[PDB]
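Chain by chain, the residues:
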Amino acid sequence: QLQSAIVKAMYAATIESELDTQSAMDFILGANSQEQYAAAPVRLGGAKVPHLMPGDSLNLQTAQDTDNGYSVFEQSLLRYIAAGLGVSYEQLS
Amino acid sequence: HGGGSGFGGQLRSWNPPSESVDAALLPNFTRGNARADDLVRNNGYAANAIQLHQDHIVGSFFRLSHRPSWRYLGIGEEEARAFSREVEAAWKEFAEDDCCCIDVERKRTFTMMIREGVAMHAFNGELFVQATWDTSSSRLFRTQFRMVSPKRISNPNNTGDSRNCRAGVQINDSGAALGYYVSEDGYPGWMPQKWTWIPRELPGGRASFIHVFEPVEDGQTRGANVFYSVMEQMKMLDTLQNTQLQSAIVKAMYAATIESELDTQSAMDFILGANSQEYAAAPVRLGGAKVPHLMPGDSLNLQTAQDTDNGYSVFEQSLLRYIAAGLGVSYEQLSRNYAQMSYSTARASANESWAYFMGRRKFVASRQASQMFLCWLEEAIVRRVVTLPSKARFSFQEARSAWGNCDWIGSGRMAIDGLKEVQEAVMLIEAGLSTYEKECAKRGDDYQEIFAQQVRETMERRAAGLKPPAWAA
Amino acid sequence: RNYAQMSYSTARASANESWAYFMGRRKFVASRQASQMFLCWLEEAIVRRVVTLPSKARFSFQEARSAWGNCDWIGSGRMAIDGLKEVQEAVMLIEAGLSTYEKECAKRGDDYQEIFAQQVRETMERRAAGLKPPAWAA
Amino acid sequence: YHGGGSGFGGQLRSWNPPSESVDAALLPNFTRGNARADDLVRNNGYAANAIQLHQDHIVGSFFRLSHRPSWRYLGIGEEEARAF
Amino acid sequence: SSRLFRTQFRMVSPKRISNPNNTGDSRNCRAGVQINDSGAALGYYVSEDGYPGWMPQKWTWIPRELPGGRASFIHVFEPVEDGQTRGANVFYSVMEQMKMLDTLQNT
Amino acid sequence: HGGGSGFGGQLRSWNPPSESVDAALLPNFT
Amino acid sequence: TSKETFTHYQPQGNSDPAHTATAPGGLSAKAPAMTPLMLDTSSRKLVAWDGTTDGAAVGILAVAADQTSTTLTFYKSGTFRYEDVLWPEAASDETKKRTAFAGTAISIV
Amino acid sequence: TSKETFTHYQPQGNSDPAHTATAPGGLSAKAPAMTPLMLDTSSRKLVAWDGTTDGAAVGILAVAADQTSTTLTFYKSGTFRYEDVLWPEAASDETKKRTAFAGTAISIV
Amino acid sequence: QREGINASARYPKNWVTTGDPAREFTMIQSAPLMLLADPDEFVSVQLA
Amino acid sequence: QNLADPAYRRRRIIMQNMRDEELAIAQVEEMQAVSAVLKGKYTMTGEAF
Amino acid sequence: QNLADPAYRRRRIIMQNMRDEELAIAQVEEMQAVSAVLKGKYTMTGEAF
């Protein structure tokens, strides 16, 4: 569950441009103006609404709930293990 | 059966390589300590937990109570208690000395050293203290102490572990510690890290080196930090929170999209306003609300984004409770999420946490403090600054435990209410099932000087001739 | 500054733990630095002779700096959450004899000798004016 | 042990912190860390709030001294100790 | 001598105390602190106030104590392990988390 | 350790200007 | 109206360090910065890399100089991309331009 | 009476690192360190640089030796001063000496 | 000499090359001059 | 049957390497000692030296 | 007769180098200032610059 949450949160947005990767990056995100593959890292400024052209899109995947019943299911299993172990569930958890 | 194979296979491939605790821990002992140090130095929760340990196990002060076994030694109570008062006064005037020279490092006091030891034993699993004789005789007591990081005890010349030499620890056949190997500092990491061998117990009866830890199985030469049960979970928690924050940053930072067929500069000028009259692109001003016009083909659509905390808070709740359970500290103490809590529930949780803390206090801080106290007491009696009773059936070196028998007083249990607990305390003392020393020790002081100061207070009050206090006649 | 969804017991617990941490840090930082500054000024005062030493001192200040200069410090105390309950606890403590004026005035951020002297003066002036004896007389 | 060895399913196979004293682990960029903390407290509301809380609760408005000399160690009378 | 007391105080920022000329760090010399073999602090190389940063800053050596035992300089911190000279700021564990939080506020 | 660079570069560029409070204030004091 | 595309300058393209050296120069024209050079056949002076004498490339100029410059400073090592360095028009083949500095501490990416 | 100057021996002229390597040696006679070297046109052996042949200079000897040394250790990288190097008397043009080590990681300053 | 270890028995040293290739090296330095005051004290013979 | 991580291999190999270097130092010390008190005409020779 | 350690010797030479470096930089700005307020127009030109 930790791994799935990590990956689903980490992949936040995506680009659907017909052009090359670096052109898409420096015309949708920005960055460039480097010092010296790894593509290019974009500095975290503010807003910077981009402009698009037909055949190009930016999609921000909404992901989903990181704890869609996982907490309550784990709580039930914790009650189970507490009963098995003979100690109070509240003290255990 | 449950441990055999697993229902429908399940754990058919998992079978831990059963070996001793030393075999489990030692191969990656250094790496585990390094990872624990990284977590504690770069994680907020780990720092909070170690701070909680520091404040609860010993608190801000530590008072000695030396109760020698007069009955065991055949010593009269009067001289026993007089000697106890003398040694208590000497120890209290020596430990908190502003000289700060209780340690040769000259940067810590007695309580600070006890807290350092508690902390490094908590996040490493063990504590090492060395007692030395300063050559300078200007001080009445020339005995000082030095804390040692567990990583400083290691096999000289990177030699492999043997039957008797395990990680720079030479032990007898019975497994008792005999000698230790220590290294000087390695900063910067370019000069030799030489080695020095120190006997744990000097033949004179004094303890040159003391290594205190809580073993979990026989033959365990080095303690293991409690972090081992939560390493990966807390690291994953930190990574998840960080990447979630970054993703929220990105999703919020991208808000609107504009698409057009003509030039980007002109499109932004004619849609977002921009400052074309003046790749810098075209930053725009932030004035009043504005509405643009667009011909077909162009479109400006804002992005609905996505809820930045879709259950991440609940996942954090569960992970934090797991980490707290692994650490042995209460969830509310660790996370400071004191919401949805009732009086009875909070009281019970604080009570169990306090019981665990008191157990750890007795098993670590009290023991090391008593050891340090007896080490100092040996020099004290040798220099005869204090005198044992002449009728001493046994000598000090014979009955070190008996002569140096002592307990300790730390920070008291601060009640959530206080009113109920102190009504309980006064009802206890009036019912007679408890006593003044017990309750004063619980609160964080000693009835002896409490009564002495009460006498001082009533004497001052009667001298001033205003009102006797509620203890007279 | 988000004091929402807080009940009395949880507020008490959070305040108690935070205050314990603060008092510990005070003792371990401010007390140390204040003691060092105070002893550095005290030695200057003692060599300037503006203060008087006991004649039969077994040891001199140079070797007994910690002994002569031993002191404690009191900052602003734990401010009350309710007040009425705290003063009830204090008065029942002093009635039960389980506490002392020094440490209760300490936790209230006061000095026992100072308050005693002020009470003496107030009682004296009240008697002189013939208004009413305070609740400490004879 | 087992968790600190390599991690579940590899996972933390690249996490290999170097084992050194905090002096070796901090002094290289000690000034840089102090600069980061200083700028953070100077130009963040929350850090300034925390610092203000520390300042106002660690000591408070006043700070009184109570000199309690070791009169028992010095072998001096209580009245002389109190006068001193 | 206009005052009865000759003692006066002056704060020293941690930046004001450092290795002279930003040189390396030896066993006895670490970040402008000269210590003995056992690690006890002996002397300090305090840089003068280099404001504005144009005039060449100079370092001055000061013993921790005078020969008479007077503590001319006082260094107070909470060490975390043996052989530690300079303390660690409390914020050091949460710097980047709080920084990213501020960036999130702005964005 | 965390003061160096952070997670995956992260604050790879944040290098605040260690300086006096006067250097922080006076240049933009007015 | 008046807009520009701003980018930083990238002398390097990798983590290989670049080192410099100074040698007497015999340039006859204004040679701009980042220009390849070669040795003189007779006087063993330094001249701009013509692009025709194959295999005689020695280094790349660091700071633009002129005829009056007795000595010139040139990178004796490092990596450079294709477009950052200008080339003489005599060298007209991409392969020749790419491999002119082969066998020396100068590399082209 | 006798005046003796204490001077620091600093062969390197720049911070650029200097590297050492070993190769078969065919020294004709005694030769101290900081000596230009060359490859025999036929036997591919290392010998003292003539001082006249162009481009023959390759490396700088690192340790004194003689004909008995089958293998010689020499510098292949770094920068050194004109005076710090003992050159063969055949070399007589200052520009030639300066540009002799052109095209290799050994440079003069 | 940076740490004033000019006189020492041994000297382990550790570092890693920078740049694109990152490889670690381990070093040891010393200079023994095993000596004896009086050679005449010992007598060496080759049996035959 | 029980693999080890590359970093564990690193620590093992570096410990072995430092042991080997220490053994080499012991070798050269012993060789110098035996040459010295075996002939008194103790050479000190080697390439790159 | 009173010989010091080579480590302290290195410290001494490092201090001497620092002082020489400081004098060298100071004289540069001194020349800048004298050129500036003696003729106004002021050009800077160095080898490899």
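Residues numbered from 1 in each chain as written, not as in the entry; some residues may be left out. Chains lettered and ligands numbered in written order. Part of a larger assembly, values for the part shown. Heavy atoms only, no water. Residues with missing side-chain atoms left out of burial classes, pairs and counts.

So the rule is basically this: UniProt positions are given in the numbering used here, feature names are shortened, and annotations may be inferred rather than shown by experiment.
The PDB entry lists chain G under the name Capsid decoration protein, with Escherichia phage Lambda as the source organism. Listed as the entry title in the PDB record is "Mature virion portal vertex of bacteriophage lambda". Looking at the Subunit heading of the UniProt record, one finds this comment for chain G: "Homotrimer. Interacts with major capsid protein." What UniProt states about chain G under its Sequence similarities heading is, verbatim, "Belongs to the lambda phage gpD family."

By the naming in the PDB entry, chain D goes by Portal protein B and is assigned to Escherichia phage Lambda.

## Here we look at the overall build of chain G
For clarity, the threshold we go by: Starting at the N terminus, helices and strands are each numbered in turn, a helix being any DSSP run of H or I of at least four residues and a strand any DSSP run of E of at least two. Throughout, the radius of gyration refers to the C-alpha atoms, and the reference size of a globule is 2.2 Å times the residue count to the power 0.38. For every residue, the accessible area (1.4 Å probe, protein chains only) is compared with the maximum for its type, and the residue is labelled buried under 20%, exposed over 50%, or partly exposed between those bounds.
Across its full length, chain G carries 1 helix and 7 strands. Along the chain direction, N to C, the helices and strands of chain G fall in the order β-β-β-β-β-β-α-β. For a compact globule of 109 residues, the expected C-alpha radius of gyration is about 13 Å, and chain G comes in at 15 Å, within 12% of that figure. When each of the 109 residues of chain G is scored for burial, the buried share is 41%.

## Focus: the overall build of chain D
Stated precisely, the cut-off is as follows: All accessibility values rest on the Shrake-Rupley procedure with a 1.4 Å probe; residue burial counts only the protein chains present in the view. The positive count covers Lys and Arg only, the negative count covers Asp and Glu only, and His and the chain ends enter neither. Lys charges are placed at NZ, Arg charges at CZ, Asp charges at CG and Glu charges at CD.
A tally of regular secondary structure across chain D gives 5 helices and 1 strand. From first element to last, N terminus to C terminus, chain D shows the α and β order α-α-α-β-α-α. In terms of overall dimensions, chain D is more spread out than a globule: its C-alpha atoms have a radius of gyration of 25 Å, far above the 12 Å expected for 84 residues. Its C-alpha atoms give chain D principal-axis dimensions of roughly 75 × 40 × 25 Å. Every one of the 84 residues in chain D was classed for burial, and the buried ones make up 36%. Accessible area of chain D: about 4700 Å², with a carbon and sulfur share of 53%. Charge separation in chain D, taken as the distance between the mean sites of 8 positive and 8 negative side-chain charges, equals 5 Å.

## Considering the environment of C375 of chain B
Residue and element names in this part refer to chain B. This is how the line gets drawn: Two residues form a contact once any of their heavy atoms are found within 4.5 Å.
Turning to its location among the elements, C375 is positioned in helix α11 (residues 343-382). Distance from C375 to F396, taken between C-alpha atoms, is 12 Å for residues 21 residues apart in sequence. When near neighbours in sequence (up to four residues on either side) are disregarded, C375 contacts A131, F145 and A207.

## As for helix α1 (residues 6-39) of chain J
As a reminder, the rule being used: Expected span, for any helix, means 1.5 Å times one less than how many residues it has. Polar contact criterion, stated in full: a pair of N or O atoms within 3.5 Å, where within protein one must be able to donate a hydrogen and the other to accept it, and residues adjacent in sequence count only if both atoms are side-chain atoms.
Compared with the 50 Å implied by 1.5 Å per residue over 34 residues, the 49 Å span of α1 of chain J between its first and last C-alpha is a close match. Along its buried surface, α1 of chain J packs onto α2 (29-42) of chain B together with β2 (24-28) of chain I. Put simply, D5 of chain J is the residue that caps the front of α1 of chain J, since its side-chain oxygen is 2.9 Å from the backbone nitrogen of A7 of chain J. Positive phi appears at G40 of chain J, one or two residues downstream of α1 of chain J, with a value of about 75°.

## Details of the interface of chain F and chain E
The line we're drawing: Once two parts are put together, the accessible area they lose, assessed with a 1.4 Å probe and summed over both, is termed the buried area. By definition here, a salt bridge exists when the distance from a side-chain nitrogen of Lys or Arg to a carboxyl oxygen of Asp or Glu is within 4 Å.
Contacts between the two partners involve 12 residues from chain F and, on the opposite side, 7 residues from chain E. Together, the buried faces of chain F and chain E total about 830 Å²; carbon and sulfur atoms form 65% of this surface. It is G3, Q10 and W14 of chain F that lose the most area in chain F upon contact with chain E, and together they represent 40% of the buried surface on that side. Counting every contact that joins chain F to chain E gives 0 salt bridges.

## Some words on the pattern of salt bridges
Summed over all chains, the structure comprises 27 salt bridges over all chains. For the salt bridge of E105 of chain B with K107 of chain B, the shortest nitrogen-to-oxygen distance reads 2.8 Å. Of the two residues, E105 of chain B and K107 of chain B, neither departs from the other in class, the shared state being buried. Close ionic contact of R42 of chain D with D38 of chain D constitutes a salt bridge, the shortest N to O distance being 2.6 Å. Separated by 4 residues within a single helix, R42 of chain D and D38 of chain D lie in helix α2 (residues 30-42), roughly one turn from each other. Linked through salt bridges whose partners overlap, the residues forming this network are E105, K107 and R146 of chain B.

## Regarding the interface of chain B and chain C
The line we're drawing: Amino acids outside the nonpolar list (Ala, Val, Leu, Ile, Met, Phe, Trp, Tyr, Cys, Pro) and the charged list (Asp, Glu, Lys, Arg) are all regarded as polar, and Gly is one of them.
Listed as interface residues are 45 residues of chain B and, on the opposing side, 44 residues of chain C. When chain B packs against chain C, the two sides together hide about 3800 Å² of surface, and 59% of this comes from carbon and sulfur. Taken together, chain B and chain C are joined by 1 salt bridge. Here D445 of chain B makes a salt bridge to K103 of chain C, at a shortest N to O gap of 3.8 Å. Where chain B touches chain C, the interface holds 11 residue pairs in polar contact. Secondary-structure elements contributing two or more residues to the side of chain B that touches chain C are α6 (110-124), α13 (419-431), α14 (436-443) and α15 (447-464) of chain B. Of the residues assigned to the side of chain B that touches chain C, the class counts are 19 nonpolar, 11 polar and 15 charged.

## Considerations on the arrangement of the chains
For the 26 pairs of chains in contact, the largest share of contacts goes to chains B and C. Contact between chain C and chain I is absent, and the least distance between their C-alpha atoms amounts to 32 Å. In this structure chain C stays clear of chain J, and the shortest span between their C-alpha atoms is 40 Å.

## Observations concerning the sheet that holds strand β3 (residues 143-148) of chain B
Two strands in a sheet stick together by hydrogen bonds in their backbones, pointing the same way (parallel) or opposite ways (antiparallel). Residues and elements named next belong to chain B. To keep it simple, the criterion reads: The pairing criterion is simple: DSSP has to find at least two bridges between the two strands. Working convention: axes come from line fits to C-alpha atoms, limited for helices to the stretch in contact. Angles between N-to-C directions cover 0 to 180 degrees.
In space, the 3 strands of this open sheet follow the order β3-β2-β8, with antiparallel pairing throughout. With partners counted over all chains shown, the strands left at the sheet margins are β3 and β8 (209-213), one partner each. Sheet twist, expressed as the average angle between the axes of neighbouring strands with direction ignored, equals 20°. The pairing of strand β2 (residues 126-133) with β3 spans 6 bridges and is antiparallel. In the sheet register, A131 faces β3, and the bridge partner there is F145.

## Comments concerning the state of the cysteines
Basically, it comes down to this: The definition used for a disulfide is geometric: two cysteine sulfur atoms within 2.5 Å.
A full pass over the atoms with the stated rule returns 1 disulfide over all chains. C99 of chain B shares a disulfide with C101 of chain B; S-S distance 2.0 Å. Here the S-S torsion is close to 120°, and the disulfide linking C99 of chain B with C101 of chain B is therefore right-handed. For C99 of chain B, a relative accessible area of 24% gives the class partly exposed. On the basis of relative accessibility, which here comes to 15%, the residue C101 of chain B falls in the buried class. The thiol sulfur of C105 of chain C is not disulfide-bonded, and the nearest other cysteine sulfur, from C71 of chain C, lies at 19 Å. For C105 of chain C, a relative accessible area of 10% gives the class buried.

## Brief notes about the pairing of strand β4 (residues 57-61) of chain H
Residues and elements named next belong to chain H. Across the 5 residues of β4, 4 count as buried, placing the element largely inside the fold. Where strand β2 (residues 36-39) meets β4, 2 bridges bridge the pair, whose relative direction is antiparallel. Counted as the bridge partner of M38 is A57 from β4.

## Notes on the side chain of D185 of chain B
Within the secondary structure, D185 of chain B is located in the loop between β6 (177-183) and β7 (195-199). Taking relative accessible area as the criterion, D185 of chain B reaches 19% and is therefore assigned buried. At 3.0 Å, the side chain of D185 of chain B forms a polar contact with the backbone nitrogen of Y187 of chain B. Beyond its immediate sequence surroundings of up to four residues, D185 of chain B is in contact with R152 of chain B together with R27 and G83 of chain E.

## Re the sheet that holds strand β3 (residues 41-47) of chain E
Pairing is antiparallel in the open sheet, where 4 strands are placed in the order β1-β2-β3-β4 (chain E). In this open sheet, the two edge strands, each paired with only one partner strand, are β1 (29-30) and β4 (59-63) of chain E.

## Quick notes on the packing of aromatic side chains
Threshold: Side-chain rings of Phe, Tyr and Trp (the six-membered ring for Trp) are treated as a pair once their centres are within 6.5 Å; stacked means planes under 30 degrees apart, edge-to-face means over 60, and tilted covers the remaining angles. For a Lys NZ or an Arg CZ to count as sitting over a ring, it must be within 6 Å of the ring centre and within 35 degrees of the ring normal.
Under the definition given, this model contains 38 aromatic pairs over all chains. An aromatic cluster is defined as three or more aromatic residues linked by ring pairs; in this entry it consists of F62, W91, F94, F110, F141, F373, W376 and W408 of chain B. The side chain of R58 of chain C reaches across the aromatic face of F59 of chain C, ending 5.4 Å from its centre. Over the face of the ring belonging to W14 of chain F we find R36 of chain D, whose NZ or CZ atom lies 5.4 Å from the ring centre.

## Focus: unusual backbone geometry
With an omega dihedral of -5°, the bond running from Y187 of chain B to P188 of chain B counts as a cis peptide bond. At the junction of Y51 of chain E and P52 of chain E, the peptide bond is cis and its omega measures out at 0° in the coordinates. Among the secondary structure elements, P52 of chain E is positioned in the loop between β3 and β4. The phi torsion at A63 of chain A lies on the positive side, around 55°, for a residue other than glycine. Within the secondary structure, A63 of chain A sits in the loop between β3 (58-60) and α3 (70-85). Residue class for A63 of chain A comes out partly exposed when judged on its relative accessible area of 34%. Even without being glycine, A305 of chain B reaches a positive phi, approximately 60°. One can find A305 of chain B in the loop between β10 (299-302) and α9 (312-327). The class for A305 of chain B is partly exposed, based on a relative accessible area of 32%.

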